[PDB]
Amino acid sequence: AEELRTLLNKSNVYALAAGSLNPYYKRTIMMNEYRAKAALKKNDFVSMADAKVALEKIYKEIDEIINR
Amino acid sequence: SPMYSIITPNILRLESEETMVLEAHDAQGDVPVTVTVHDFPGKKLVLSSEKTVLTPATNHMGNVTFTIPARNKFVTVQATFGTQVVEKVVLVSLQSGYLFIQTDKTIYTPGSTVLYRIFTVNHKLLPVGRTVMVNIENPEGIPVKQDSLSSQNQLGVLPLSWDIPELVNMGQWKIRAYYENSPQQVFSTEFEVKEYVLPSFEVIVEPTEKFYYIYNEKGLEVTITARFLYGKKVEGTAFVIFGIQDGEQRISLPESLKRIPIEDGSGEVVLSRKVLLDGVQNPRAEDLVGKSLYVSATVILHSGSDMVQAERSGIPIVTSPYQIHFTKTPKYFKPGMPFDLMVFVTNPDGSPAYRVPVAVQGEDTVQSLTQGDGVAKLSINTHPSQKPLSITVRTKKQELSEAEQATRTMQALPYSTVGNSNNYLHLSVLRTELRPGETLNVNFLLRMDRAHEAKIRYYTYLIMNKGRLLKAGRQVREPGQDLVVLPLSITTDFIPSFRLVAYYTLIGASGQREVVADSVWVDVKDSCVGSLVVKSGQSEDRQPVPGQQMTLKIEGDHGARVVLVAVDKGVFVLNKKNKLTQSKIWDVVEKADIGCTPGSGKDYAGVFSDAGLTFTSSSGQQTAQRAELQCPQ
Amino acid sequence: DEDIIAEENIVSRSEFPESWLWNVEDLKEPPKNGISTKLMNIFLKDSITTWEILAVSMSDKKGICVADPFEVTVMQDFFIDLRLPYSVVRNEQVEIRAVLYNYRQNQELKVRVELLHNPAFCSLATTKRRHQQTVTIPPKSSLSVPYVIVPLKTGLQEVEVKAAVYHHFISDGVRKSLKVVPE
Amino acid sequence: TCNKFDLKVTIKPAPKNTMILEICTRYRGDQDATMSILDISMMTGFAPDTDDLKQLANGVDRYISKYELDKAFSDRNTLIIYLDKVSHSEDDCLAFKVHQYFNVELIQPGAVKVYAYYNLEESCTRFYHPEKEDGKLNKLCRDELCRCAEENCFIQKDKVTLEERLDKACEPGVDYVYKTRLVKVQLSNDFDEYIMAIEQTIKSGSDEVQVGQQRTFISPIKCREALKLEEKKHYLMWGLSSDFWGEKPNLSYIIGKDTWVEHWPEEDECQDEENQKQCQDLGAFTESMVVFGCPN
């Protein structure tokens, strides 16, 4: 959907914060930016939903970690 | 005649609560006791306090816990009952408690940092504030660093470290630690320094039996297991050679060396009976019994990229699958009074064997089955004999053969009575495993002539635990009752084992004062007092990943300080020695018992000393004086 | 290349302790049946192995208690094992193996693996030309990629290989260090 | 050092590409060794002649797990030959052919390693390559120090224009540009040494070298065919600051993967109607660099 492309946007904001944090995080985003980008460029429903969930999730974990 | 009697441990500890057990026998109404511990010899009054009164409401039985501050040192205890004053001289020990040391790993590289903790605790395992010396000895025994640190307000835990210089002696280092006050009592862990790199997988060799039977012609059959430290099964090729050890001498059996593939993480190999004998070739097979075997496996991944060596050692050569042990059975029997044997049946490696029937010589029915802890209890009867008792227990495992059964012999001497009064006491309890929370029936059996049995209206029982007096009470008894039963409740306070010793006293023979006593050692199922689980707190889900956050759940005792550490399981492929374990602890704790005999003694005075107690009376009956710091041997 | 992860984007794994989590927690946690329960948030080290966690408690009421180990296995469908030796001799040419593991159940992998450039080493990687093979790896199976190199200067010198798989957006890289020691 | 096992590895072509990989590791002891092994690795792109594997596979004191013998070209870049025993008298020898399927330029030397199973320490590693000496790549070692010399060499010998020159010569790394004379030439086993006088200092970075001072440039002997530098002629070159060898001002220079080579015709040579174009480009390069400097 579009709702994904919206999330992608936040990726730069999140990766910026995720630099205090284990390499894992700033690396999950990478992994899922390439996925988002390339799925949005095929309109595959499965690959986009997949990625939409991956972002939502990793951002949330990043949220939680940062709040503490 | 009132008799006043005074009981305390054989050995008294400094800066810790000991208990004195005060008694008034054949006495009327209130009696005031003032108890006192002075230096030896002379007068200093290392502790005056502690005063109490015995009442017919408490049948004249009393505590009073005292604390002694703080060549071999001795104190003089001295309790005054009214005017009559009883005094005994007890041995003292500067040993504050225990030390346990933890190293983050078992093995280290030059130029890394050894992380180690030191736990400071008293003789009852609780944390303590003290001053300790620590020493890192090199492998040739040279102290090469020492910190003198105090664990006051440290809450039992002393974190330390030491960086190994890049330039240093390879081999087994030691960390030796002792209390400032008890420099003779030292504590040690080891750790290997070595040049190495963590392998990527582990290799496991187990014989299909934890021993070799010298007439089993199939030989010694082995399985070799390989598997990357992350789960997945290993594909490769493996070299396994055997060898014989006796006792620190090893002899390889080159003719035994085999190369076998490892497929789906497994290969198989055998040391034919043939090659073993042709290999050592001592005149006869039976020569090898008592010697041990080893399998040495070396596994090469197919890439050639990684390789790993590994060993199972000390597989005993045996004529029998078992061994019998009277180390838990008292060596003194009471003529005319049943003699209980705790037969301890182990496997060849050392583990307890379970469900193993054992019987005495002939027997000829009898028989009883070994329990979980590898203990079964046979009871035979004794006569009016004073000659030594020589019992022999053979295992009666079906499916075996007279050849293969184990055997063993032991001997008890009779308990000597006061001028041959043929008065005795016999404690029996049920042999089954004991957990805290359960309750234990302690059978009090009494032997004496009906002409005098009625004078015995009570027994006194003292529970010994970790070398301190833990509980003492009175077990009543109505004339005619030969057997009475005190239902003892087992709490965590009892771990990891306790001795129960009990005594009745009367005037008898010719208006003669007689103390008659027995004792018995009972094993509690070893475990933590509190608890400590470390589980995943990541409710649900699947594997975690490099770098990821992970949640841990810690379940343990309130307000307890917990210290962690995490180790690459590859470290353990290289060295699995010298790891810290609740078991290694309790074992330390048992090896510090002031009690020496599994129960009973040569006479009343023995029963006490052997169990770790001292006994003293206004009449003069009492234990010998213990002046030795350890048990005899 | 077409449809893979760009080398510059791959942040290598680097933190491979033999031990860690050398921490200290009190259990003041409002108890609940003489049983207190803490939760603890740790960040796993990039090693792909099985951590064995050991806890030891100390209560002035209950004494000392050593727990049973708690194992934790840390894994990835796809990853590099960069098997270096403990040490090497300055100016001696040695080979190292970069072992590639593909753990997907039935789903091979087209992977490009690269030995990064170090001026502290001499390899077919120079400041302008890369050293990438492109290999295909069967499912549940591993691949060994050798690398000849020569240490130039002594000290604690570091080797790095990365790798990504095509069409999939999996990626991984390892940066271990070893000891260069004089002739 | 190969203390316990004498090892000789030989790569010669065959009688797609394919060649003969041979060897022989003698045991330096008084008797024969325990089952021993070779961790064999391949020049990039080669895979064993599966057939030649089985001739090895059934042999006496020879085995390759039916695991490896079976992988084939596919992706079998490792394989282990289990030689039951070993010699100390002469040398257990064996060989086999490799076909580097999928020809691809700039290959890697194979590293054959042998050890007695029970001891990874007492082992060894010898390399090989179709065109390299005993498998060692090309390095330049002057005493305790060293560097890499297995790249390509001097800058590329598609046109060679004038906009193109003013570019490169103003990228960051570039720390000098000189017009020079090749004074003396000293050659030796490892590194040649072209001592050159600096005739005019076009750009000037860290080196505080004047015009005429004379500095010293080095090069691996495997870099002479393609350099053909000639005493007494003139030259314009430039290099990176990362090509400085030594400590002032007895740093020599390195002709390297990013060092520029160009022959500056004499002053009266600028006349040939085939020379002029290079004689005007360069003057129209000298003139820009000296006036304007570099953009950034």
# chains A, B, ... in the order shown; residues from 1 in each chain; ligands from 1
call {"tool": "closest_atom_pairs", "arguments": {"of": "chain B", "to": "chain C", "cutoff": "6 Å", "atoms": "only C-alpha atoms", "output": "tab-separated table"}}
result
residue	atom	partner	partner_atom	distance
B:125	CA	C:63	CA	4.9
B:126	CA	C:63	CA	3.9
B:127	CA	C:60	CA	5.1
B:197	CA	C:86	CA	5.9
B:229	CA	C:49	CA	5.3
B:230	CA	C:49	CA	4.8
B:528	CA	C:65	CA	5.7
B:529	CA	C:62	CA	5.9
B:530	CA	C:62	CA	5.6
B:532	CA	C:67	CA	5.2
B:534	CA	C:70	CA	5.9
B:544	CA	C:74	CA	5.4
B:545	CA	C:74	CA	5.2
B:546	CA	C:46	CA	3.9
B:547	CA	C:46	CA	4.8
B:548	CA	C:44	CA	5.4
B:549	CA	C:43	CA	4.1
B:550	CA	C:42	CA	5.3
B:551	CA	C:41	CA	4.7
B:552	CA	C:40	CA	5.0
B:553	CA	C:39	CA	4.8
B:554	CA	C:38	CA	5.2
B:555	CA	C:37	CA	4.5
B:556	CA	C:36	CA	5.5
B:557	CA	C:35	CA	5.0
B:558	CA	C:36	CA	4.6
B:559	CA	C:28	CA	4.4
B:560	CA	C:59	CA	4.6
B:561	CA	C:26	CA	3.9
B:562	CA	C:57	CA	4.4
B:563	CA	C:24	CA	4.6
B:564	CA	C:55	CA	4.7
B:565	CA	C:22	CA	4.4
B:566	CA	C:53	CA	4.5
B:567	CA	C:19	CA	4.5
B:568	CA	C:51	CA	5.0
B:569	CA	C:50	CA	5.6
B:581	CA	C:66	CA	5.8
B:582	CA	C:66	CA	4.9
call {"tool": "residues_around", "arguments": {"residues": "stretch 3-20 of chain A", "least_positions_apart": "5", "cutoff": "8 Å", "atoms": "only C-alpha atoms", "output": "JSON, numbers by chain"}}
result
{"A": [25, 26, 29, 33, 36, 40, 48, 49, 51, 52, 55, 56, 59, 62]}
call {"tool": "write_last_selection", "arguments": {"atoms": "N, CA, C and O atoms", "output": "tab-separated table (two decimals), in the first residue's frame"}}
result
chain	number	residue	atom	x	y	z
A	25	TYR	N	20.09	-3.09	14.90
A	25	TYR	CA	19.00	-2.19	14.53
A	25	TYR	C	19.23	-1.41	13.23
A	25	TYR	O	18.47	-1.57	12.26
A	26	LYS	N	20.28	-0.59	13.20
A	26	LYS	CA	20.60	0.17	12.00
A	26	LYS	C	20.79	-0.77	10.79
A	26	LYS	O	20.82	-0.31	9.66
A	29	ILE	N	17.07	-2.04	9.50
A	29	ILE	CA	16.49	-1.03	8.66
A	29	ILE	C	17.01	-1.17	7.23
A	29	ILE	O	16.22	-1.30	6.32
A	33	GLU	N	14.90	-1.58	4.04
A	33	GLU	CA	14.80	-0.51	3.06
A	33	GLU	C	14.94	-1.14	1.68
A	33	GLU	O	14.15	-0.87	0.80
A	36	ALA	N	11.55	-2.97	1.07
A	36	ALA	CA	10.56	-1.94	0.72
A	36	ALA	C	10.76	-1.36	-0.69
A	36	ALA	O	9.92	-1.55	-1.56
A	40	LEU	N	7.94	-2.04	-3.56
A	40	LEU	CA	7.16	-0.91	-4.07
A	40	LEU	C	7.36	-0.73	-5.56
A	40	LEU	O	6.55	-0.07	-6.21
A	48	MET	N	5.46	-6.31	0.00
A	48	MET	CA	5.24	-5.01	0.62
A	48	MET	C	4.67	-5.12	2.03
A	48	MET	O	5.22	-4.57	2.99
A	49	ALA	N	3.55	-5.82	2.16
A	49	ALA	CA	3.01	-6.16	3.47
A	49	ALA	C	4.15	-6.70	4.37
A	49	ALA	O	4.40	-6.18	5.47
A	51	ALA	N	7.32	-6.29	4.28
A	51	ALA	CA	8.21	-5.19	4.66
A	51	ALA	C	7.52	-4.17	5.56
A	51	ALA	O	8.14	-3.61	6.46
A	52	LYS	N	6.24	-3.92	5.30
A	52	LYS	CA	5.49	-2.96	6.09
A	52	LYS	C	5.48	-3.37	7.56
A	52	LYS	O	5.59	-2.54	8.47
A	55	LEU	N	9.21	-3.07	9.16
A	55	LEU	CA	9.48	-1.71	9.61
A	55	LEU	C	8.71	-1.36	10.87
A	55	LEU	O	9.31	-1.03	11.90
A	56	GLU	N	7.39	-1.42	10.80
A	56	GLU	CA	6.57	-1.17	11.98
A	56	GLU	C	7.21	-1.70	13.24
A	56	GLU	O	7.33	-0.98	14.25
A	59	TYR	N	10.90	-0.43	14.30
A	59	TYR	CA	10.78	0.93	14.83
A	59	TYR	C	10.28	0.88	16.26
A	59	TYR	O	10.72	1.67	17.11
A	62	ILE	N	12.90	-0.22	18.61
A	62	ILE	CA	13.76	0.94	18.74
A	62	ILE	C	13.14	1.99	19.66
A	62	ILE	O	13.82	2.54	20.53
call {"tool": "residues_around", "arguments": {"residues": "stretch 47-54 of chain B", "least_positions_apart": "3", "cutoff": "6 Å", "atoms": "only C-alpha atoms", "output": "list in words"}}
result
residues 30, 31, 32, 33, 34, 35, 36, 37, 60 and 64 of chain B
call {"tool": "residues_around", "arguments": {"residues": "residue C:78", "least_positions_apart": "5", "cutoff": "8 Å", "atoms": "only C-alpha atoms", "output": "PDB file with C-alpha atoms, in the first residue's frame"}}
result
ATOM      1  CA  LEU C 100      29.728 -19.767   4.201  1.00  0.00           C
ATOM      2  CA  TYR C 101      26.673 -21.457   5.754  1.00  0.00           C
ATOM      3  CA  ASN C 102      23.245 -21.665   4.061  1.00  0.00           C
ATOM      4  CA  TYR C 103      20.648 -23.047   6.427  1.00  0.00           C
ATOM      5  CA  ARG C 104      17.405 -22.579   4.513  1.00  0.00           C
ATOM      6  CA  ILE C 170      20.120 -11.126   3.209  1.00  0.00           C
ATOM      7  CA  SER C 171      23.607  -9.828   3.981  1.00  0.00           C
ATOM      8  CA  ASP C 172      26.442 -10.520   6.416  1.00  0.00           C
TER       9      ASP C 172
END
call {"tool": "interface_residues", "arguments": {"of": "chain D", "to": "chain B", "cutoff": "10 Å", "atoms": "only C-alpha atoms", "output": "list in words"}}
result
residues 34, 35, 37, 38, 39, 40, 41, 64, 65, 66, 67, 68, 76, 77, 78, 79, 80, 82, 84, 113, 117, 118, 119 and 120 of chain D
call {"tool": "decode", "arguments": {"residues": "stretch 30-50 of chain C", "atoms": "N, CA and C atoms", "output": "tab-separated table (two decimals), in the first residue's frame"}}
result
chain	number	residue	atom	x	y	z
C	30	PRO	N	9.97	-6.50	44.30
C	30	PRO	CA	8.88	-6.83	45.23
C	30	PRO	C	8.55	-8.32	45.20
C	31	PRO	N	8.97	-9.06	46.24
C	31	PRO	CA	9.02	-10.53	46.26
C	31	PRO	C	7.65	-11.09	46.07
C	32	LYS	N	7.54	-12.40	46.01
C	32	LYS	CA	6.26	-13.04	45.74
C	32	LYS	C	6.39	-14.52	46.04
C	33	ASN	N	6.35	-14.84	47.33
C	33	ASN	CA	6.52	-16.20	47.83
C	33	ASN	C	7.98	-16.51	48.06
C	34	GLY	N	8.66	-15.60	48.76
C	34	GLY	CA	10.09	-15.70	48.97
C	34	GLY	C	10.82	-15.78	47.65
C	35	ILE	N	10.07	-15.62	46.56
C	35	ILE	CA	10.61	-15.71	45.22
C	35	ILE	C	10.52	-14.38	44.49
C	36	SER	N	11.67	-13.78	44.23
C	36	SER	CA	11.75	-12.53	43.53
C	36	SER	C	12.09	-12.85	42.09
C	37	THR	N	11.61	-12.02	41.18
C	37	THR	CA	11.81	-12.27	39.76
C	37	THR	C	12.22	-10.97	39.10
C	38	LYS	N	13.45	-10.90	38.59
C	38	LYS	CA	13.85	-9.75	37.77
C	38	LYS	C	13.74	-10.10	36.29
C	39	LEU	N	13.46	-9.09	35.47
C	39	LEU	CA	13.62	-9.27	34.05
C	39	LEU	C	14.84	-8.45	33.66
C	40	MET	N	15.55	-8.86	32.62
C	40	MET	CA	16.80	-8.20	32.30
C	40	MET	C	16.95	-8.12	30.83
C	41	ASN	N	17.33	-6.94	30.40
C	41	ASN	CA	17.39	-6.66	28.98
C	41	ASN	C	18.85	-6.63	28.55
C	42	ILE	N	19.27	-7.61	27.77
C	42	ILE	CA	20.64	-7.64	27.32
C	42	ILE	C	20.69	-7.60	25.80
C	43	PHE	N	21.81	-7.11	25.28
C	43	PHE	CA	21.99	-7.09	23.84
C	43	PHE	C	23.03	-8.07	23.42
C	44	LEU	N	22.58	-9.07	22.67
C	44	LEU	CA	23.42	-10.19	22.32
C	44	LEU	C	24.64	-9.79	21.50
C	45	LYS	N	25.74	-10.46	21.79
C	45	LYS	CA	26.98	-10.30	21.03
C	45	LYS	C	26.92	-11.11	19.72
C	46	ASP	N	27.55	-10.55	18.68
C	46	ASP	CA	27.31	-10.97	17.31
C	46	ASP	C	27.80	-12.38	17.00
C	47	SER	N	28.41	-13.04	17.97
C	47	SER	CA	28.83	-14.43	17.75
C	47	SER	C	27.61	-15.30	17.44
C	48	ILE	N	27.78	-16.24	16.52
C	48	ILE	CA	26.74	-17.21	16.19
C	48	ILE	C	27.07	-18.56	16.83
C	49	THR	N	26.66	-18.73	18.08
C	49	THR	CA	27.05	-19.89	18.86
C	49	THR	C	26.01	-20.12	19.93
C	50	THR	N	26.40	-20.77	21.01
C	50	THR	CA	25.47	-20.96	22.11
C	50	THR	C	26.04	-20.46	23.38
